[PDB]
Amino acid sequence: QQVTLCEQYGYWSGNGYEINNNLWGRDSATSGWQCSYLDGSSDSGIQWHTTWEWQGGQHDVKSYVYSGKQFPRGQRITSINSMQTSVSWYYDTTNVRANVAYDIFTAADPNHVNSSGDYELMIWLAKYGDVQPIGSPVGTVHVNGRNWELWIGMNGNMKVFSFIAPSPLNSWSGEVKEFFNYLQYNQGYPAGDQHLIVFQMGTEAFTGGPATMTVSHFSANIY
């Protein structure tokens, strides 16, 4: 690959995108490893993959390696007109306990650290094994032309909304503002007080492997 990132928090940035080998929960594993690899990048999007094996810590996330879209701090959610994104990905085996998910943090403080926020929005395009989102499911919702099981919970003082696809969506073209709109008018989410902190796509790895997730394309367009 063009770039290989095997260290915890190994980082690449280019073309308005970034990759982080974000092995934040590796201390929960009894054994394992993970690397992320850049295959290509342009202003129109990036291609990357990650390979991993993790054992132990059955219900603990070991990592959420991701590609992130970069943008200026200070964008209030209600000031954002569109948060379109396109992704195509595939796992080489589904015999893993892992998900594929977008992760978005928002915070009243526009300069909030990138590792959390006041609120978290996850969109799970796939769920392999018995792994569960934070909190409890509240029912099925229709957002951006598709149905999702909505889970709501707390991670410390951070409120987490997770939208779960009913079957794996290997190719997805989404408008993430529709999810914020849904939360603003159905879950009391204070969109006018919140700023965008991160916008990421990746995989939460729990156990299994060796396995590879290939992202044939990732792009996002915020305006």
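Start at 1 with the first residue shown and count on from there.
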{"query": "Mean temperature factor over C-alpha atoms, higher-scoring stretch between 167-175 and 27-35", "finding": "27-35"}
{"query": "Stretch exceeding the other in mean C-alpha B-factor - 149-157, 103-111", "finding": "149-157"}
{"query": "Position of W48 among the chain's modelled residues by C-alpha B-factor, lowest, middle or highest third", "finding": "lowest"}
{"query": "Among modelled residues of the same chain, the CA temperature factor third for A220", "finding": "lowest"}
{"query": "Chain third (lowest, middle, highest) by recorded CA B-factor, residue given as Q84", "finding": "lowest"}
{"query": "Ranked C-alpha temperature factor of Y189 among modelled chain residues, by third", "finding": "middle"}
{"query": "Ranked against its chain, the third holding the CA B-factor of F206", "finding": "middle"}
